[PDB]
file work20.pdb (PDB, C-alpha atoms)
ATOM      1  CA  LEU A   9     132.479  76.097  63.209  1.00  0.00           C
ATOM      2  CA  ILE A  10     129.257  77.806  62.130  1.00  0.00           C
ATOM      3  CA  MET A  11     128.969  80.815  64.433  1.00  0.00           C
ATOM      4  CA  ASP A  12     125.790  82.548  63.171  1.00  0.00           C
ATOM      5  CA  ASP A  13     124.121  85.482  65.010  1.00  0.00           C
ATOM      6  CA  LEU A  14     126.315  88.110  63.382  1.00  0.00           C
ATOM      7  CA  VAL A  15     126.548  91.627  64.810  1.00  0.00           C
ATOM      8  CA  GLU A  16     125.557  92.947  61.362  1.00  0.00           C
ATOM      9  CA  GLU A  17     126.936  96.269  60.105  1.00  0.00           C
ATOM     10  CA  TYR A  18     125.693  99.845  60.385  1.00  0.00           C
ATOM     11  CA  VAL A  19     125.897 102.556  57.718  1.00  0.00           C
ATOM     12  CA  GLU A  20     125.200 106.298  57.917  1.00  0.00           C
ATOM     13  CA  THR A  21     124.605 108.080  54.592  1.00  0.00           C
ATOM     14  CA  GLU A  22     123.797 111.785  54.981  1.00  0.00           C
ATOM     15  CA  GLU A  23     125.468 115.167  55.398  1.00  0.00           C
ATOM     16  CA  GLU A  24     124.752 117.797  58.058  1.00  0.00           C
ATOM     17  CA  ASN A  25     124.846 121.102  56.171  1.00  0.00           C
ATOM     18  CA  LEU A  26     124.787 123.192  59.337  1.00  0.00           C
ATOM     19  CA  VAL A  27     124.539 126.679  57.850  1.00  0.00           C
ATOM     20  CA  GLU A  38     143.040 140.966  65.419  1.00  0.00           C
ATOM     21  CA  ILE A  39     145.501 138.192  66.198  1.00  0.00           C
ATOM     22  CA  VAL A  40     144.534 135.496  68.696  1.00  0.00           C
ATOM     23  CA  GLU A  41     146.367 133.110  71.033  1.00  0.00           C
ATOM     24  CA  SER A  42     145.497 131.046  74.111  1.00  0.00           C
ATOM     25  CA  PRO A  43     144.364 132.896  77.242  1.00  0.00           C
ATOM     26  CA  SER A  44     142.668 130.967  80.049  1.00  0.00           C
ATOM     27  CA  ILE A  45     140.245 133.673  81.209  1.00  0.00           C
ATOM     28  CA  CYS A  46     139.000 135.358  78.035  1.00  0.00           C
ATOM     29  CA  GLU A  47     137.774 132.016  76.692  1.00  0.00           C
ATOM     30  CA  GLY A  48     136.538 129.074  78.744  1.00  0.00           C
ATOM     31  CA  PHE A  49     134.471 130.063  81.791  1.00  0.00           C
ATOM     32  CA  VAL A  50     132.141 127.084  81.768  1.00  0.00           C
ATOM     33  CA  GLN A  51     130.589 128.692  84.849  1.00  0.00           C
ATOM     34  CA  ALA A  52     127.597 130.820  83.910  1.00  0.00           C
ATOM     35  CA  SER A  53     127.287 134.308  85.348  1.00  0.00           C
ATOM     36  CA  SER A  54     124.941 134.500  88.317  1.00  0.00           C
ATOM     37  CA  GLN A  55     121.583 135.878  87.235  1.00  0.00           C
ATOM     38  CA  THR A  56     119.623 138.617  88.973  1.00  0.00           C
ATOM     39  CA  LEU A  57     115.892 138.128  89.452  1.00  0.00           C
ATOM     40  CA  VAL A  58     113.735 140.942  88.075  1.00  0.00           C
ATOM     41  CA  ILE A  59     110.163 140.612  89.322  1.00  0.00           C
ATOM     42  CA  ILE A  60     107.754 142.349  86.953  1.00  0.00           C
ATOM     43  CA  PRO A  61     105.526 144.761  88.922  1.00  0.00           C
ATOM     44  CA  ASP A  62     102.012 143.571  89.676  1.00  0.00           C
ATOM     45  CA  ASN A  63     100.533 146.177  87.316  1.00  0.00           C
ATOM     46  CA  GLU A  64     102.822 145.252  84.400  1.00  0.00           C
ATOM     47  CA  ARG A  65     102.053 141.519  84.343  1.00  0.00           C
ATOM     48  CA  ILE A  66     100.558 140.396  81.028  1.00  0.00           C
ATOM     49  CA  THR A  67     100.198 136.669  81.684  1.00  0.00           C
ATOM     50  CA  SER A  68      96.902 134.994  82.508  1.00  0.00           C
ATOM     51  CA  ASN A  69      95.515 135.609  85.982  1.00  0.00           C
ATOM     52  CA  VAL A  70      93.861 132.168  85.811  1.00  0.00           C
ATOM     53  CA  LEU A  71      96.026 129.189  86.700  1.00  0.00           C
ATOM     54  CA  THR A  72      96.528 126.697  83.916  1.00  0.00           C
ATOM     55  CA  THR A  73      95.611 123.103  84.680  1.00  0.00           C
ATOM     56  CA  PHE A  74      99.341 122.383  84.542  1.00  0.00           C
ATOM     57  CA  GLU A  75     100.176 125.079  87.100  1.00  0.00           C
ATOM     58  CA  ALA A  76      97.278 124.190  89.397  1.00  0.00           C
ATOM     59  CA  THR A  77      98.248 120.515  89.248  1.00  0.00           C
ATOM     60  CA  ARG A  78     101.869 121.398  90.010  1.00  0.00           C
ATOM     61  CA  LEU A  79     100.818 123.539  92.976  1.00  0.00           C
ATOM     62  CA  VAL A  80      98.631 120.766  94.375  1.00  0.00           C
ATOM     63  CA  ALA A  81     101.332 118.130  93.859  1.00  0.00           C
ATOM     64  CA  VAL A  82     104.042 120.243  95.499  1.00  0.00           C
ATOM     65  CA  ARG A  83     101.799 121.113  98.437  1.00  0.00           C
ATOM     66  CA  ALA A  84     100.743 117.481  98.855  1.00  0.00           C
ATOM     67  CA  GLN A  85     104.362 116.319  98.911  1.00  0.00           C
ATOM     68  CA  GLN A  86     105.272 118.998 101.447  1.00  0.00           C
ATOM     69  CA  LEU A  87     102.289 117.894 103.536  1.00  0.00           C
ATOM     70  CA  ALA A  88     103.680 114.376 103.243  1.00  0.00           C
ATOM     71  CA  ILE A  89     106.971 115.555 104.747  1.00  0.00           C
ATOM     72  CA  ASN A  90     105.522 118.246 107.055  1.00  0.00           C
ATOM     73  CA  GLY A  91     102.075 118.280 108.656  1.00  0.00           C
ATOM     74  CA  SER A  92     101.093 121.932 109.019  1.00  0.00           C
ATOM     75  CA  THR A  93      98.055 123.291 107.190  1.00  0.00           C
ATOM     76  CA  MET A  94      95.296 125.896 107.392  1.00  0.00           C
ATOM     77  CA  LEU A  95      92.297 123.621 106.781  1.00  0.00           C
ATOM     78  CA  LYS A  96      89.594 123.836 109.431  1.00  0.00           C
ATOM     79  CA  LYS A  97      88.077 120.660 107.970  1.00  0.00           C
ATOM     80  CA  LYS A  98      90.653 117.949 108.593  1.00  0.00           C
ATOM     81  CA  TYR A  99      91.353 115.298 105.956  1.00  0.00           C
ATOM     82  CA  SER A 100      93.018 111.889 105.941  1.00  0.00           C
ATOM     83  CA  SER A 101      95.001 112.361 102.717  1.00  0.00           C
ATOM     84  CA  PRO A 102      97.622 114.965 101.764  1.00  0.00           C
ATOM     85  CA  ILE A 103      96.176 115.107  98.250  1.00  0.00           C
ATOM     86  CA  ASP A 104      92.795 116.170  99.626  1.00  0.00           C
ATOM     87  CA  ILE A 105      94.382 118.716 101.972  1.00  0.00           C
ATOM     88  CA  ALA A 106      96.419 120.282  99.168  1.00  0.00           C
ATOM     89  CA  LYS A 107      93.445 120.304  96.794  1.00  0.00           C
ATOM     90  CA  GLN A 108      91.173 122.017  99.315  1.00  0.00           C
ATOM     91  CA  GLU A 109      93.966 124.450 100.191  1.00  0.00           C
ATOM     92  CA  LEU A 110      94.110 125.411  96.518  1.00  0.00           C
ATOM     93  CA  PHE A 111      90.318 125.699  96.265  1.00  0.00           C
ATOM     94  CA  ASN A 112      90.007 127.653  99.525  1.00  0.00           C
ATOM     95  CA  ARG A 113      92.820 130.010  98.433  1.00  0.00           C
ATOM     96  CA  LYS A 114      95.165 129.364 101.357  1.00  0.00           C
ATOM     97  CA  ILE A 115      98.053 127.584  99.627  1.00  0.00           C
ATOM     98  CA  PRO A 116     101.487 128.772 100.831  1.00  0.00           C
ATOM     99  CA  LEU A 117     103.035 128.611  97.361  1.00  0.00           C
ATOM    100  CA  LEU A 118     103.755 131.176  94.669  1.00  0.00           C
ATOM    101  CA  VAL A 119     103.810 130.637  90.914  1.00  0.00           C
ATOM    102  CA  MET A 120     106.861 132.201  89.282  1.00  0.00           C
ATOM    103  CA  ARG A 121     106.465 132.508  85.512  1.00  0.00           C
ATOM    104  CA  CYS A 122     109.784 133.234  83.815  1.00  0.00           C
ATOM    105  CA  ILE A 123     109.691 135.196  80.590  1.00  0.00           C
ATOM    106  CA  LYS A 124     113.207 136.232  79.697  1.00  0.00           C
ATOM    107  CA  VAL A 125     116.865 135.331  79.921  1.00  0.00           C
ATOM    108  CA  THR A 126     118.609 138.624  79.259  1.00  0.00           C
ATOM    109  CA  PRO A 127     122.244 138.311  78.110  1.00  0.00           C
ATOM    110  CA  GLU A 128     123.227 140.717  80.904  1.00  0.00           C
ATOM    111  CA  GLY A 129     122.443 137.891  83.329  1.00  0.00           C
ATOM    112  CA  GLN A 130     118.916 139.043  84.108  1.00  0.00           C
ATOM    113  CA  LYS A 131     116.011 136.677  84.759  1.00  0.00           C
ATOM    114  CA  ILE A 132     112.699 138.488  84.268  1.00  0.00           C
ATOM    115  CA  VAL A 133     109.781 136.739  85.970  1.00  0.00           C
ATOM    116  CA  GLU A 134     106.166 137.338  86.938  1.00  0.00           C
ATOM    117  CA  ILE A 135     105.329 136.077  90.426  1.00  0.00           C
ATOM    118  CA  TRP A 136     101.644 135.167  90.585  1.00  0.00           C
ATOM    119  CA  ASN A 137      99.703 134.548  93.787  1.00  0.00           C
ATOM    120  CA  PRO A 138      97.538 131.398  93.482  1.00  0.00           C
ATOM    121  CA  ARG A 139      95.234 132.673  96.226  1.00  0.00           C
ATOM    122  CA  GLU A 140      94.338 135.670  94.033  1.00  0.00           C
ATOM    123  CA  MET A 141      94.257 133.725  90.748  1.00  0.00           C
ATOM    124  CA  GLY A 142      91.436 131.932  89.022  1.00  0.00           C
ATOM    125  CA  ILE A 143      91.350 128.167  89.499  1.00  0.00           C
ATOM    126  CA  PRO A 144      90.713 125.843  86.528  1.00  0.00           C
ATOM    127  CA  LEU A 145      88.174 123.017  86.521  1.00  0.00           C
ATOM    128  CA  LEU A 146      90.391 120.220  87.905  1.00  0.00           C
ATOM    129  CA  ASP A 147      87.171 118.237  88.402  1.00  0.00           C
TER     130      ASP A 147
ATOM    131  CA  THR B 153     146.913 104.983  58.162  1.00  0.00           C
ATOM    132  CA  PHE B 154     148.086 107.893  56.007  1.00  0.00           C
ATOM    133  CA  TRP B 155     150.478 107.934  53.057  1.00  0.00           C
ATOM    134  CA  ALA B 156     152.554 110.956  52.038  1.00  0.00           C
ATOM    135  CA  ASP B 157     153.667 110.870  48.397  1.00  0.00           C
ATOM    136  CA  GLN B 158     156.464 113.229  47.339  1.00  0.00           C
ATOM    137  CA  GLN B 159     156.359 113.030  43.528  1.00  0.00           C
ATOM    138  CA  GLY B 160     156.310 109.237  43.672  1.00  0.00           C
ATOM    139  CA  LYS B 161     158.340 108.839  46.878  1.00  0.00           C
ATOM    140  CA  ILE B 162     156.034 107.644  49.660  1.00  0.00           C
ATOM    141  CA  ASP B 163     156.637 107.684  53.419  1.00  0.00           C
ATOM    142  CA  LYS B 164     154.172 106.681  56.114  1.00  0.00           C
ATOM    143  CA  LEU B 165     152.692 109.594  58.049  1.00  0.00           C
ATOM    144  CA  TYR B 166     152.973 107.973  61.452  1.00  0.00           C
ATOM    145  CA  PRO B 167     150.848 109.387  64.291  1.00  0.00           C
ATOM    146  CA  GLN B 168     153.950 110.859  65.945  1.00  0.00           C
ATOM    147  CA  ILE B 169     154.888 112.731  62.757  1.00  0.00           C
ATOM    148  CA  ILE B 170     151.313 113.959  62.337  1.00  0.00           C
ATOM    149  CA  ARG B 171     151.397 115.071  65.971  1.00  0.00           C
ATOM    150  CA  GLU B 172     154.545 117.126  65.384  1.00  0.00           C
ATOM    151  CA  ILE B 173     153.095 118.642  62.205  1.00  0.00           C
ATOM    152  CA  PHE B 174     149.884 119.579  64.015  1.00  0.00           C
ATOM    153  CA  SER B 175     151.848 121.036  66.932  1.00  0.00           C
ATOM    154  CA  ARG B 176     153.539 123.243  64.338  1.00  0.00           C
ATOM    155  CA  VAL B 177     150.125 124.807  63.611  1.00  0.00           C
ATOM    156  CA  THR B 178     149.291 128.147  65.216  1.00  0.00           C
ATOM    157  CA  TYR B 179     145.942 129.244  66.616  1.00  0.00           C
ATOM    158  CA  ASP B 180     145.578 131.906  63.916  1.00  0.00           C
ATOM    159  CA  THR B 181     145.332 129.236  61.221  1.00  0.00           C
ATOM    160  CA  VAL B 182     142.730 127.340  63.264  1.00  0.00           C
ATOM    161  CA  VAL B 183     140.574 130.416  63.843  1.00  0.00           C
ATOM    162  CA  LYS B 184     140.879 131.785  60.305  1.00  0.00           C
ATOM    163  CA  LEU B 185     139.839 128.365  58.987  1.00  0.00           C
ATOM    164  CA  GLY B 186     136.726 128.495  61.166  1.00  0.00           C
ATOM    165  CA  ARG B 187     137.645 125.701  63.562  1.00  0.00           C
ATOM    166  CA  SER B 188     137.140 126.482  67.227  1.00  0.00           C
ATOM    167  CA  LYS B 189     140.175 127.125  69.397  1.00  0.00           C
ATOM    168  CA  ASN B 190     139.142 124.066  71.420  1.00  0.00           C
ATOM    169  CA  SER B 191     139.230 122.123  68.127  1.00  0.00           C
ATOM    170  CA  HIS B 192     142.938 122.697  67.515  1.00  0.00           C
ATOM    171  CA  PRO B 193     144.450 120.017  65.238  1.00  0.00           C
ATOM    172  CA  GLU B 194     146.960 119.100  67.958  1.00  0.00           C
ATOM    173  CA  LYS B 195     144.160 117.386  69.905  1.00  0.00           C
ATOM    174  CA  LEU B 196     143.640 114.853  67.106  1.00  0.00           C
ATOM    175  CA  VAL B 197     146.694 112.785  68.133  1.00  0.00           C
ATOM    176  CA  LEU B 198     146.522 110.992  71.477  1.00  0.00           C
ATOM    177  CA  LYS B 199     149.444 109.856  73.611  1.00  0.00           C
ATOM    178  CA  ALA B 200     147.248 108.875  76.591  1.00  0.00           C
ATOM    179  CA  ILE B 201     143.900 107.313  75.724  1.00  0.00           C
ATOM    180  CA  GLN B 202     141.026 107.155  78.204  1.00  0.00           C
ATOM    181  CA  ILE B 203     140.256 103.763  79.709  1.00  0.00           C
ATOM    182  CA  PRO B 204     136.489 104.008  80.185  1.00  0.00           C
ATOM    183  CA  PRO B 205     134.953 103.611  83.645  1.00  0.00           C
ATOM    184  CA  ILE B 206     133.849 100.123  84.634  1.00  0.00           C
ATOM    185  CA  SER B 207     130.279 101.450  84.646  1.00  0.00           C
ATOM    186  CA  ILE B 208     130.108 101.144  80.852  1.00  0.00           C
ATOM    187  CA  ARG B 209     132.081  97.863  80.760  1.00  0.00           C
ATOM    188  CA  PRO B 210     130.641  95.659  83.521  1.00  0.00           C
ATOM    189  CA  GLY B 211     130.600  91.897  83.867  1.00  0.00           C
ATOM    190  CA  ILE B 212     133.630  89.667  84.406  1.00  0.00           C
ATOM    191  CA  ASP B 225     133.298  91.491  76.305  1.00  0.00           C
ATOM    192  CA  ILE B 226     134.610  94.937  75.401  1.00  0.00           C
ATOM    193  CA  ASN B 227     137.167  94.447  78.189  1.00  0.00           C
ATOM    194  CA  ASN B 228     138.870  91.891  75.942  1.00  0.00           C
TER     195      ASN B 228
ATOM    196  CA  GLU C1095      61.609  86.543  81.648  1.00  0.00           C
ATOM    197  CA  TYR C1096      61.344  85.326  78.075  1.00  0.00           C
ATOM    198  CA  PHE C1097      63.007  87.470  75.448  1.00  0.00           C
ATOM    199  CA  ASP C1098      60.685  89.241  73.033  1.00  0.00           C
ATOM    200  CA  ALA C1099      62.706  87.993  70.060  1.00  0.00           C
ATOM    201  CA  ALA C1100      63.493  84.383  69.249  1.00  0.00           C
ATOM    202  CA  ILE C1101      67.207  83.794  69.823  1.00  0.00           C
ATOM    203  CA  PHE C1102      69.406  81.908  67.344  1.00  0.00           C
ATOM    204  CA  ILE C1103      71.074  79.221  69.471  1.00  0.00           C
ATOM    205  CA  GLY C1104      72.782  76.124  68.115  1.00  0.00           C
ATOM    206  CA  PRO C1105      75.969  74.066  68.141  1.00  0.00           C
ATOM    207  CA  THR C1106      79.089  75.746  66.801  1.00  0.00           C
ATOM    208  CA  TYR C1107      82.524  74.153  66.810  1.00  0.00           C
ATOM    209  CA  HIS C1108      84.781  76.300  68.976  1.00  0.00           C
ATOM    210  CA  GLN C1109      88.537  76.165  69.414  1.00  0.00           C
ATOM    211  CA  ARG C1110      90.610  77.121  72.441  1.00  0.00           C
ATOM    212  CA  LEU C1111      93.577  79.084  71.136  1.00  0.00           C
ATOM    213  CA  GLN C1112      96.765  78.446  73.110  1.00  0.00           C
ATOM    214  CA  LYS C1113      97.126  82.012  74.386  1.00  0.00           C
ATOM    215  CA  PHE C1114      96.632  81.635  78.130  1.00  0.00           C
ATOM    216  CA  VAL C1115      96.096  84.728  80.251  1.00  0.00           C
ATOM    217  CA  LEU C1116      97.995  83.122  83.144  1.00  0.00           C
ATOM    218  CA  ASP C1117     101.119  82.962  80.986  1.00  0.00           C
ATOM    219  CA  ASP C1118     100.624  86.438  79.522  1.00  0.00           C
ATOM    220  CA  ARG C1119      99.735  88.307  82.715  1.00  0.00           C
ATOM    221  CA  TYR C1120     102.697  89.741  84.606  1.00  0.00           C
ATOM    222  CA  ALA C1121     103.026  92.059  87.593  1.00  0.00           C
ATOM    223  CA  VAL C1122     106.235  93.354  89.136  1.00  0.00           C
ATOM    224  CA  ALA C1123     107.037  95.144  92.382  1.00  0.00           C
ATOM    225  CA  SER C1124     109.336  98.133  92.890  1.00  0.00           C
ATOM    226  CA  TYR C1125     112.560  96.096  92.950  1.00  0.00           C
ATOM    227  CA  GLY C1126     114.209  93.147  91.259  1.00  0.00           C
ATOM    228  CA  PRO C1127     116.967  92.205  88.820  1.00  0.00           C
ATOM    229  CA  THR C1128     118.655  95.167  87.145  1.00  0.00           C
ATOM    230  CA  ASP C1129     120.930  95.497  84.141  1.00  0.00           C
ATOM    231  CA  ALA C1130     124.552  95.929  85.199  1.00  0.00           C
ATOM    232  CA  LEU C1131     125.272  98.417  82.417  1.00  0.00           C
ATOM    233  CA  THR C1132     122.308 100.806  82.348  1.00  0.00           C
ATOM    234  CA  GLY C1133     120.980 100.120  85.846  1.00  0.00           C
ATOM    235  CA  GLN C1134     117.480  99.608  84.438  1.00  0.00           C
ATOM    236  CA  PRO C1135     115.290  96.562  85.104  1.00  0.00           C
ATOM    237  CA  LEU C1136     115.915  93.480  83.013  1.00  0.00           C
ATOM    238  CA  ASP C1137     113.737  92.846  79.974  1.00  0.00           C
ATOM    239  CA  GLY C1138     110.374  91.163  80.303  1.00  0.00           C
ATOM    240  CA  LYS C1139     108.579  88.552  82.358  1.00  0.00           C
ATOM    241  CA  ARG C1140     111.206  85.866  81.754  1.00  0.00           C
ATOM    242  CA  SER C1141     113.876  87.833  83.637  1.00  0.00           C
ATOM    243  CA  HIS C1142     111.543  88.387  86.641  1.00  0.00           C
ATOM    244  CA  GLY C1143     111.440  92.151  86.176  1.00  0.00           C
ATOM    245  CA  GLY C1144     110.935  94.917  83.668  1.00  0.00           C
TER     246      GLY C1144
END

call {"tool": "encode", "arguments": {"input": "work20.pdb", "output": "C-alpha cells"}}
result
Amino acid sequence: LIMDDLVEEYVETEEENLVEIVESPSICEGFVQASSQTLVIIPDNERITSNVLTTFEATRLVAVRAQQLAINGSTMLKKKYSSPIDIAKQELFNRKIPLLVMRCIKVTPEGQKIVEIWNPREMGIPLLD
Amino acid sequence: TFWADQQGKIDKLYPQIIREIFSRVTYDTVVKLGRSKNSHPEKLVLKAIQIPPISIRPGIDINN
Amino acid sequence: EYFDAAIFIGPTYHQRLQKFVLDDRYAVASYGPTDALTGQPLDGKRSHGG
C-alpha cells in the first residue's frame, strides 16, 4: 500500500531573547476590564494639528456621510443629486457636512483620552480631484 | 514522559505526581523566579482537557 | 491613404498556444460555496467560487 502525499514535517529553529510577600487576591490582580476613559478636548487655541484635512480624513468624512445618506435622506444641498456619493462630496466642498473629525493624541495612564476635535466646515479641503 | 533518577533508582514522574509536586509550590517561588502569577506551575497539569468547538473541526479527520 | 513608408509584410508561421481566455477568465458573484472551517469562499474557479 503506497500511500504517498505525506504531511511532511515542520521545524522551528530560533530563540526569542525577549529582553513584600505575595499570594492570590482576585481584585488586586486580574481586572480584564479597562477603566473608563474621560475625554479631554484640547481647547481650540491649543490645537497643534493641521487645520487642513488629510486626503484620508476627507475621504473618511465623505464615505461616512454617503453611507448615512444611504440610510437616511436628509441633507443641506440646494442642488439635488441622484447619488449619495455626490451629495456627500458636495456637502464636504460646500462646508455643510454634519460630521466632526476627532484626532486623538494621547492615552494617559490615569484613564484620560486627549483629543482635538476639528470642524471640517472650517478646515482646508485637500484636492480629492 | 519524565524519569526521576535517585542515585541510580528511577521512578516514572507520572502526571499526577507532577501535579502534586507543582501544587506544593507557593506563589512566592513563582514570582521570585519571574514567572507570572497566572503562569503558576500547577496549571501545567490538566485533569479536564478542552474539547474544541465544532467550528474548528467540521465535516462528518481531527475528530478521529 | 497609403503609408509614407513601405511596410514589411510577408508570411510568418504562427502558432496558437493552448492558453484560452475563455478557460482562464472567471467572474464570481457575492455568494457561493464556502469553506466549512474558515467560512471563506472555496479556492479558485474549479470550486465555483473564490

call {"tool": "resolve_selection", "arguments": {"input": "work20.pdb", "expression": "the PyMOL selection byres ((chain A) within 9 of (chain B))", "output": "list in words"}}
result
residues 39, 40, 41 and 42 of chain A

call {"tool": "resolve_selection", "arguments": {"input": "work20.pdb", "expression": "the ChimeraX specification (/B :<12) & /C", "output": "PyMOL selection string"}}
result
chain C and resi 1129-1133

call {"tool": "residues_around", "arguments": {"input": "work20.pdb", "residues": "residue C:1141", "least_positions_apart": "5", "cutoff": "9 Å", "atoms": "only C-alpha atoms", "output": "ChimeraX atom specification"}}
result
/C:1127,1135-1136

call {"tool": "resolve_selection", "arguments": {"input": "work20.pdb", "expression": "the PyMOL selection byres ((chain C and resi 1142) around 12)", "output": "VMD selection string"}}
result
chain C and resid 1120 to 1128 1135 to 1141 1143 to 1144

call {"tool": "axis_aligned_box", "arguments": {"input": "work20.pdb", "around": "stretch 184-189 of chain B", "padding_each_side": "6 Å", "output": "AutoDock Vina command-line options"}}
result
--center_x 138.8 --center_y 128.7 --center_z 64.2 --size_x 16.2 --size_y 18.1 --size_z 22.4

call {"tool": "residues_around", "arguments": {"input": "work20.pdb", "residues": "residue A:104", "least_positions_apart": "2", "cutoff": "12 Å", "atoms": "all atoms listed in the file", "output": "PDB file with C-alpha atoms, keeping the file's coordinate frame"}}
result
ATOM      1  CA  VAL A  80      98.631 120.766  94.375  1.00  0.00           C
ATOM      2  CA  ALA A  81     101.332 118.130  93.859  1.00  0.00           C
ATOM      3  CA  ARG A  83     101.799 121.113  98.437  1.00  0.00           C
ATOM      4  CA  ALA A  84     100.743 117.481  98.855  1.00  0.00           C
ATOM      5  CA  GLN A  85     104.362 116.319  98.911  1.00  0.00           C
ATOM      6  CA  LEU A  87     102.289 117.894 103.536  1.00  0.00           C
ATOM      7  CA  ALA A  88     103.680 114.376 103.243  1.00  0.00           C
ATOM      8  CA  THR A  93      98.055 123.291 107.190  1.00  0.00           C
ATOM      9  CA  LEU A  95      92.297 123.621 106.781  1.00  0.00           C
ATOM     10  CA  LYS A  97      88.077 120.660 107.970  1.00  0.00           C
ATOM     11  CA  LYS A  98      90.653 117.949 108.593  1.00  0.00           C
ATOM     12  CA  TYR A  99      91.353 115.298 105.956  1.00  0.00           C
ATOM     13  CA  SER A 100      93.018 111.889 105.941  1.00  0.00           C
ATOM     14  CA  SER A 101      95.001 112.361 102.717  1.00  0.00           C
ATOM     15  CA  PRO A 102      97.622 114.965 101.764  1.00  0.00           C
ATOM     16  CA  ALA A 106      96.419 120.282  99.168  1.00  0.00           C
ATOM     17  CA  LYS A 107      93.445 120.304  96.794  1.00  0.00           C
ATOM     18  CA  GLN A 108      91.173 122.017  99.315  1.00  0.00           C
ATOM     19  CA  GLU A 109      93.966 124.450 100.191  1.00  0.00           C
ATOM     20  CA  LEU A 110      94.110 125.411  96.518  1.00  0.00           C
ATOM     21  CA  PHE A 111      90.318 125.699  96.265  1.00  0.00           C
ATOM     22  CA  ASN A 112      90.007 127.653  99.525  1.00  0.00           C
TER      23      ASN A 112
END

call {"tool": "atom_distance", "arguments": {"input": "work20.pdb", "atom1": "atom CA of residue A:140", "atom2": "atom CA of residue A:126"}}
result
28.6 Å

call {"tool": "closest_residue", "arguments": {"input": "work20.pdb", "among": "B:212, B:165, B:170, B:177", "to": "residue B:196", "atoms": "all atoms listed in the file"}}
result
B:170

call {"tool": "residues_around", "arguments": {"input": "work20.pdb", "residues": "residue B:197", "least_positions_apart": "5", "cutoff": "8 Å", "atoms": "all atoms listed in the file", "output": "PyMOL selection string"}}
result
chain B and resi 167-168+170-171

call {"tool": "atom_distance", "arguments": {"input": "work20.pdb", "atom1": "atom CA of residue A:75", "atom2": "atom CA of residue A:114"}}
result
15.7 Å

call {"tool": "atom_distance", "arguments": {"input": "work20.pdb", "atom1": "atom CA of residue A:131", "atom2": "atom CA of residue A:57"}}
result
4.9 Å

call {"tool": "closest_residue", "arguments": {"input": "work20.pdb", "among": "B:193, B:164, B:188, B:157", "to": "residue B:176", "atoms": "only C-alpha atoms"}}
result
B:193

call {"tool": "residues_around", "arguments": {"input": "work20.pdb", "residues": "residue A:64", "least_positions_apart": "5", "cutoff": "12 Å", "atoms": "all atoms listed in the file", "output": "list in words"}}
result
residues 59, 132, 133, 134, 135 and 136 of chain A
